[PDB]
Amino acid sequence: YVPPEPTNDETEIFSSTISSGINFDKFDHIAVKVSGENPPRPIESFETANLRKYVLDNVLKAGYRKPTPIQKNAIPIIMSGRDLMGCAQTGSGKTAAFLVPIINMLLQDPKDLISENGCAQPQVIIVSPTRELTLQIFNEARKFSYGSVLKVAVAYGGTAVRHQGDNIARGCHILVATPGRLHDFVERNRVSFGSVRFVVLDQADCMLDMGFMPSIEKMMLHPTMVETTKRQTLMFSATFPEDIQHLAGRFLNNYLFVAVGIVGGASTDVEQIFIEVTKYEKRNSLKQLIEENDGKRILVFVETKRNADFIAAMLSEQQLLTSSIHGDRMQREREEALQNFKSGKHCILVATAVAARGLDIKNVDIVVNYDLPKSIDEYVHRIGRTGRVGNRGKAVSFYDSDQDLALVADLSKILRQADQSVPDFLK
RNA sequence: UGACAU
Ligand SMILES: Nc1ncnc2c1ncn2[C@@H]1O[C@H](COP(=O)(O)OP(=O)(O)NP(=O)(O)O)[C@@H](O)[C@H]1O
Ligand SMILES: [Mg+2]
């Protein structure tokens with residue numbers, strides 16, 4: 001599978017964004033916690049951030065006029081050469097918070113690219129937990145570095161290895177990857193970490209949990225990796241449990257911690273709604289909710305890949321043109337599904353947790369948790385697919401006491417923190 | 001369970 005080439009249409013490159021919403025200016029009022037030694041002062045605006053002219057021009061081309069809180073803090077921190085753990089709610093601009101200052105530094109303090117005997121030595125490694133998120137960050141990096149000499153490349157599974165490998169072999173300043181395909185190329189001597197200036201873990205708490213930690217260790221402790229005191233390490237997420245924050249410390253050097261509001265809190269721009277249903281009732285309740293919301297774009301989350309295929313078939317055999325995305329689908333199908341949803345061709349996407357984190361989709365009207373997740377953090381990520389950049393969103397969650405009772409204390413906390421209604425069955 | 005190379 002060779003994915004469709006990245007669009008070189010400038011308009012399309014900068015169009016890939018969610019226009020800021022009615023509550024964007026309200027971001028200003030959120031309390032920001034900063035801890036660690038000698039934090040730089042936050043920047044007041046993109047124009048007063050000591051950026052290079054055409055990096056600023058690209059920010060402005062992207063449609064941005066005012067930096068979000070995470071950006072106000074992260075930009076000067078990164079430009080000062082410091083390590084950073086950055087926490088901010090879903091849809092509040094964490095991607096640009098690291099891309100903009102990194103790209104600025106790659107241009108203001110330029111280093112010639114190295115690629116010897118086919119082995120690329122990227123200056124920036126960005127990793128994320130899923131293939132579609134990795135492609136998204138890649139496309140955002142292309143946006144902010146547009147028209148510059150910087151070369152961005154992508155690496156992720158389910159794709160023709162040679163296609164991605166030959167592209168990487170040409171040399172790249174920034175490599176955005178999922179861990180599996182990254183280490184594949186590293187072990188073939190297609191990629192070395194010898195020129196790394198920045199390592200970024202996006203969805204960092206997920207990258208540091210049990211599933212991904214070995215792959216992170218293999219990167220951070222790779223024989224070719226430049227040591228932690230001679231590079232920068234940046235970590236961003238909407239969630240960060242304290243035990244995972246502790247684990248993060250092994251890969252960080254005298255770092256600053258930035259939390260925009262309560263760590264792991266839900267975006268207050270998402271209206272959170274719950275419906276008490278039995279496992280049986282879920283099917284009709286989903287059908288009813290879709291009928292009542294004709295013309296709305298809905299993202300339906302389920303627990304298993306089996307149920308993702310079932311629900312997709314149910315909603316298709318019923319009414320709407322619907323797509324499905326999960327790990328047992330072909331990578332072409334996963335990308336076609338997401339694009340169909342992102343373009344408007346399809347207004348329903350059925351998804352597993354593969355689509356819970358990071359993905360930036362225009363006008364998600366409703367996020368439905370057909371199955372609630374087992375983790376409150378993942379709940380917060382899922383509902384954050386809507387209500388982004390100051391726009392209002394809606395999440396409707398099906399609650400089954402037989403399956404979801406253990407989550408009640410954590411849900412009630414999340415709702416109370418976000419000033420949402422707590423229904424009687426979650427008290 | 002669900003992500004994550006060949
Ligand atoms: N300063 C800004 N002004 C206007 N729009 C912005 C700004 N910064 C980012 N955006 C847009 O806001 C959307 C959300 O950005 P993104 O970096 O995906 O948020 P995030 O905090 O990483 N979300 P998540 O990964 O779900 O926790 C994107 O469409 C950006 O293009
Ligand atoms: Mg993000």
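Note that these values count all heavy atoms, side chains included, but never hydrogens, waters or copies made by symmetry. Just so we're on the same page: letters track the sequence lines, and every chain starts at 1.
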In whole angstroms, how far is the P atom of B/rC4 from the NE2 atom of A/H183? 15 Å
Just by distance, no angles: are the side chains of A/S128 and A/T134 close enough, under 3.5 Å, to form a donor-acceptor pair? yes
Could you check how far CG of A/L201 sits from P of B/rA3, rounded to whole Å? 21 Å
What's the closest nucleotide to the A/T178 side chain, out of B/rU6, B/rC4, B/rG2? B/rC4
Would A/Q136 and A/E140 count as having a side-chain donor-acceptor pair, cut-off 3.5 Å? no
Ignoring the backbone of A/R188, work out which of B/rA3, B/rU1, B/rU6 is nearest its side chain. B/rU6
Flag this pair as yes if the NZ/CZ of A/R82 is under 6.0 angstrom from the six-membered ring centre of A/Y255 and inside a 45 degree cone about the axis; otherwise no. no
Just how far, in rounded Å, is P of B/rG2 from NE2 of A/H326? 10 Å
Mind checking A/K305 for me? I need base, sugar-phosphate or nothing, with any heavy atom below 4.0 Å counting as a touch. sugar-phosphate
Round to the nearest Å and state the distance from A/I325 atom CD1 to B/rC4 atom P. 9 Å
Report the relative orientation of the aromatic rings in A/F425 and A/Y399; use parallel for angles under 30°, tilted for 30 to 60°, perpendicular for over 60°. parallel
Could you tell me how far apart A/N307 (CG) and B/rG2 (P) are, to the nearest whole angstrom? 10 Å
Closest nucleotide among B/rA3, B/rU6, B/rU1 to the A/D184 side chain: B/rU6
May I ask you to say what A/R334 touches in the nucleic acid, namely base, sugar-phosphate or nothing, with a heavy-atom cut-off under 4.0 Å? sugar-phosphate
Among B/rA3, B/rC4, B/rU1, which nucleotide has an atom closest to any side-chain atom of A/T352? B/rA3
Using whole Å, report how far CE of A/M219 lies from P of B/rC4. 16 Å
